[PDB]
Amino acid sequence: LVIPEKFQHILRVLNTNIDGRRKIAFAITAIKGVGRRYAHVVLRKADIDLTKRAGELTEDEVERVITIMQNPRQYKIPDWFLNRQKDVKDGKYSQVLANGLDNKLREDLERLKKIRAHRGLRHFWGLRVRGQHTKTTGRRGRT
Amino acid sequence: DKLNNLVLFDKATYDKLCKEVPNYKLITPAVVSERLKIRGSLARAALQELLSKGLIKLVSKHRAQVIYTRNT
Amino acid sequence: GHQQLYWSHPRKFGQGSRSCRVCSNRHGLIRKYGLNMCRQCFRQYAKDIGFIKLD
Amino acid sequence: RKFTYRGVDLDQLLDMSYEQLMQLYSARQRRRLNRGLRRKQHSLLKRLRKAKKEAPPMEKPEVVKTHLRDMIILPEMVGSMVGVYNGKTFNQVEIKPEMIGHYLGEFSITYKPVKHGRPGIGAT
RNA sequence: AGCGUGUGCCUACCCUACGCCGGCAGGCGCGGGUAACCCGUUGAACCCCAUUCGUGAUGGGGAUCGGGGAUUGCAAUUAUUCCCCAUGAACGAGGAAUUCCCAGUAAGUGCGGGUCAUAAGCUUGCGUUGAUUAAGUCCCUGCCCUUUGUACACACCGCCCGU
Ligand SMILES: [Mg+2]
Ligand SMILES: [Mg+2]
Ligand SMILES: [Mg+2]
Ligand SMILES: [Mg+2]
Ligand SMILES: [Mg+2]
Ligand SMILES: [Mg+2]
Ligand SMILES: [Mg+2]
Ligand SMILES: [Mg+2]
Ligand SMILES: [Mg+2]
Ligand SMILES: [Mg+2]
Ligand SMILES: [Mg+2]
Ligand SMILES: [Mg+2]
Ligand SMILES: [Mg+2]
Ligand SMILES: [Mg+2]
Ligand SMILES: [Zn+2]
Numbered sequence: 003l004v005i006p007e008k009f010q011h012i013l014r015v016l017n018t019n020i021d022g023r024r025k026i027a028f029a030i031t032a033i034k035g036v037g038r039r040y041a042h043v044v045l046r047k048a049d050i051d052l053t054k055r056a057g058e059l060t061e062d063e064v065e066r067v068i069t070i071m072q073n074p075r076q077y078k079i080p081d082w083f084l085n086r087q088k089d090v091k092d093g094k095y096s097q098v099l100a101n102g103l104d105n106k107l108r109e110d111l112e113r114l115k116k117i118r119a120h121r122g123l124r125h126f127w128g129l130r131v132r133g134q135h136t137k138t139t140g141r142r143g144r145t
Numbered sequence: 042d043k044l045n046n047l048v049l050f051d052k053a054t055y056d057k058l059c060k061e062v063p064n065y066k067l068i069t070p071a072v073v074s075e076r077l078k079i080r081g082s083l084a085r086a087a088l089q090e091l092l093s094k095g096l097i098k099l100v101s102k103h104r105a106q107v108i109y110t111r112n113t
Numbered sequence: 002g003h004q005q006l007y008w009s010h011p012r013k014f015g016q017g018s019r020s021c022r023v024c025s026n027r028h029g030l031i032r033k034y035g036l037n038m039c040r041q042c043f044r045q046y047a048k049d050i051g052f053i054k055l056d
Numbered sequence: 013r014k015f016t017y018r019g020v021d022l023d024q025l026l027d028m029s030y031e032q033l034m035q036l037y038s039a040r041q042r043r044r045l046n047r048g049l050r051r052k053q054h055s056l057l058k059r060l061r062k063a064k065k066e067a068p069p070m071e072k073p074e075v076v077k078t079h080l081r082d083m084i085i086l087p088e089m090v091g092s093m094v095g096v097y098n099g100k101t102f103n104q105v106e107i108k109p110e111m112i113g114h115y116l117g118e119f120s121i122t123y124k125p126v127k128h129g130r131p132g133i134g135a136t
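Protein chains in written order, with UniProt numbering: chain B, 3 to 145; chain V, 42 to 113; chain E, 2 to 56; chain F, 13 to 136.
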């Protein structure tokens with residue numbers, strides 16, 4: 003129960019800071035694009051015990067987790083689990099992560115804006131997008 | 042203020058647990074967590090280890106509450 | 002021609018496919034037990050139908 | 013730089029049949045195509061093809077007007093001028109290759125964006 | 001657990017057991033019920049017993065958005081509804097003011113009926129767990145009586161005086 007001599011209080015994974023005091027399953031959800039389900043299935047695929055903290059892992063385990071996370075399709079992770087199934091531009095299934103997600107959302111908004119679809123116009127104006135009523139709600143953030 | 046509790050035992054805290062906890066007359070993961078600046082999970086693990094070693098009696102076990110006591 | 006266009010819109014479901022059997026009104030319709038009456042006509046004819054107020 | 017729809021460029025899209033295009037589309041478009049198109053959509057497609065055939069080699073085709081706001085933009089429509097009814101006026105839209113899979117009604121807005129005035133006496 | 005519904009003049013639209021396929025929404029077969037007969041011994045939810053977390057806007061909360069899949073429809077875009085990954089906002093018990101309630105009651109928790117091609121954050125009912133406080137008063141609010149005053153009777157939202 004004593005802390006190991008080599009313990010990582012802070013980890014640097016994918017330009018993200020991971021708190022080594024949290025359990026490994028929930029520690030890696032700090033990466034944008036990874037949730038509880040995806041983190042749990044990745045760790046179950048890596049054959050890593052879920053009863054240890056993030057800082058207790060060795061470098062081999064960390065790099066294995068990163069490699070499995072980058073390429074889910076290689077490690078029998080199903081397509082329906084992925085969050086970027088059937089890309090519009092290239093048609094490839096994948097899981098998009100911290101910065102890639104940030105620019106992929108930007109490209110998805112730019113596509114709608116340039117083509118002048120109604121949803122893109124709503125995004126440009128700053129209004130609701132999924133057909134909600136705006137008369138009485140959503141006042142916060144407006145003058 | 043913020044409450045920063047240890048998640049893994051240190052030398053001083055492990056010595057405190059091994060020396061003073063078995064004499065508290067009322068041992069509870071919340072009590073050990075509050076006195077030793079420890080998280081609840083580490084306190085539960087330490088109390089289970091002490092119970093396994095036989096240094097502490099168990100009075101009642103429940104999911105909400107576990108109660109320990111010093112040996113007679 | 003006109004024969005095709007007139008009344009062409011399908012009316013197999015919805016409020017436009019049902020009406021009261023007494024006054025031909027489409028609002029407040031009662032379909033339970035196949036009554037097919039609006040609430041006002043039902044309140045007018047309840048005693049004749051056989052519905053009694055006990056509570 | 014070259015346009016590709018899910019890894020397929022425009023020429024192959026034009027060569028593909030409807031069954032091949034069903035797998036490229038999304039669930040709603042696939043279901044719509046599986047249920048089939050009716051007479052009016054075929055008439056609109058025929059009119060668009062007729063208009064595009066008669067265009068001069070360097071000029072745009074003549075605008076074809078329609079009320080069909082639920083028509084799915086097929087790859088054969090790219091490069092045609094369609095006036096879409098919005099309830100009051102026919103708005104002119106040129107089909108771009110990036111419009112494949114959307115409806116026509118998404119590109120002719122049905123309301124005027126709100127610019128607010130001073131609130132009246134009845135507001136508290 | 002309990003109250004109930006279920007294949008319809010026009011009228012298209014019922015409740016579903018069992019086997020297989022799919023990870024899920026679902027899809028295929030093949031049967032029962034016009035009903036104390038079938039769904040159904042209605043294996044409901046809170047609740048109970050264990051596991052993990054540990055005062056951190058946190059594994060609390062789930063708003064807003066991206067990408068996919070499926071069902072109802074003639075038609076789903078201004079997202080019908082449903083499913084899966086991802087994103088993860090305010091909110092740490094709420095000012096002046098104000099509502100309802102006296103026992104199987106208040107509150108917690110689910111389930112039926114109405115609307116219903118698609119369908120409940122509403123309503124109308126049903127159970128399950130189950131209390132604190134009180135057996136008084138006219139202080140507030142309101143409404144009744146009796147006495148009393150009136151120049152009011154379109155009845156104080158009245159009548160009426162002087163610049
Ligand atoms: Mg995350
Ligand atoms: Mg809406
Ligand atoms: Mg608003
Ligand atoms: Mg959070
Ligand atoms: Mg959270
Ligand atoms: Mg979508
Ligand atoms: Mg509208
Ligand atoms: Mg989620
Ligand atoms: Mg209800
Ligand atoms: Mg219903
Ligand atoms: Mg209502
Ligand atoms: Mg009083
Ligand atoms: Mg007097
Ligand atoms: Mg008098
Ligand atoms: Zn009637």
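Note that CB positions come from ideal geometry on N, CA and C, so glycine has one too.
Per DSSP, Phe50/V lies in no alpha helix (DSSP H) and is assigned neither H nor E.
Against chain B, the beta carbon of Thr16/F has neighbours under 9 angstroms at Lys91, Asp92 and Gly93, listed in chain order. With 16 or more other Cβ atoms inside 10 Å of its own Cβ, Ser92/F counts as buried.
Chain B has a Cβ within less than 8 angstroms of the Cβ of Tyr55/V. DSSP places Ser101/V inside the beta strand (DSSP E), whose first and last residues are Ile97 to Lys102.
Listed along the chain, the chain B residues whose CB falls inside 8 angstroms of the CB of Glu110/F are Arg113, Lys116 and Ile117. Fully contained in the stretch 28 to 110 of chain F are the following alpha helix (DSSP H) runs of length 4 or more, in chain order: 30 to 36, 39 to 47 and 51 to 65.
By the Cβ-count criterion, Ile50/E is exposed, with fewer than 16 other Cβ atoms from all chains shown falling within 10 Å of its own Cβ. When distances are taken from the beta-carbon of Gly133/B to the heavy atoms of ligand 2, the shortest one is below 7 angstroms. Straight-line measurement puts the Cα of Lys77/F at about 12 angstroms from the Cα of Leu116/F.
Chain F places a beta carbon closer than 8 angstroms to that of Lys88/B, counting this residue as a contact. With 5 angstroms as the limit, the residues whose C-beta approaches a heavy atom of ligand 3 more closely than that are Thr136/B and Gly140/B, in chain order. Listed along the chain, the chain V residues whose CB falls inside 7 angstroms of the CB of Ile5/B are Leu49, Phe50 and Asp51.
Of all residues in the stretch 72 to 94 of chain V, those with a C-beta nearer than 8 angstroms to a C-beta of chain B are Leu83, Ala86, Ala87 and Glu90, reading in chain order. Between the C-alpha atoms of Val36/B and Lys127/F there is a straight-line separation of about 41 angstroms.
For the C-beta of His135/B, not a single chain F residue is nearer than 7 angstroms; the gap to the nearest is close to 14 angstroms. Of all residues in the stretch 28 to 45 of chain B, none places a beta-carbon less than 7 angstroms from a beta-carbon of chain F. In this structure the stretch 14 to 31 of chain B lies against the stretch 48 to 56 of chain B, because at least three pairs of beta carbons, one per stretch, are closer than 8 angstroms.
Relative to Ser101/V, the option among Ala86/V, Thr69/V and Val73/V whose CA is nearest is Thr69/V.
As a beta-bridge residue in DSSP terms, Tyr17/F pairs with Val20/F.
Residue pairing from DSSP places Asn19/B in a beta bridge opposite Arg14/B. If you ignore the 5 residues before and after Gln16/E, its C-beta comes within less than 6 angstroms of the C-beta of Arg27, all in its own chain and listed in chain order.
When Cβ-Cβ separations below 8 angstroms define contact, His79/F makes no contact with chain B. Inter-residue distance for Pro69/F and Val90/F is about 16 angstroms (C-alpha atoms, whole angstroms). Not one beta carbon of chain B lies nearer than 8 angstroms to the beta carbon of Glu31/F. Excluding residues up to 5 positions away in sequence, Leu84 and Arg86 lie with their Cβ nearer than 7 angstroms to the Cβ of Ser96/B in the same chain. By the criterion of a C-beta distance shorter than 6 angstroms, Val67/B is surrounded in its chain by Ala48, once the five residues flanking it on both sides are discounted. Excluding five sequence positions before and after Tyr97/F, the CB atoms of its chain that fall closer than 6 angstroms to its own CB belong to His79, given in chain order. Taking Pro6/B as the centre and dropping the five residues before and after it, the same chain places the C-beta of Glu58 closer than 7 angstroms to its C-beta, in chain order.
Scanning its chain for C-beta atoms nearer than 6 angstroms, with the 5 sequence neighbours on each side dropped, one finds no residue around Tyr40/B. Proximity to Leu3/B across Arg80/V, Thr113/V, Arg111/V and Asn45/V peaks at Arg80/V, based on C-alpha coordinates. The alpha-carbon separation between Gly95/V and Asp51/B amounts to approximately 28 angstroms.
Set against 7 angstroms, the gap from the CB of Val96/F to the closest heavy atom of ligand 15 is not smaller.
Rounded to the nearest whole angstrom, the CA to CA distance from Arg13/F to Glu112/B is 16 angstroms.
Note on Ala135/F: under 16 other CB atoms within 10 angstroms of its CB, so exposed under the neighbour-count rule. Its chain contains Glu88 as the residues whose beta carbon lies nearer than 8 angstroms to that of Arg61/F, once the 5 sequence neighbours on both sides are disregarded; these appear in chain order.
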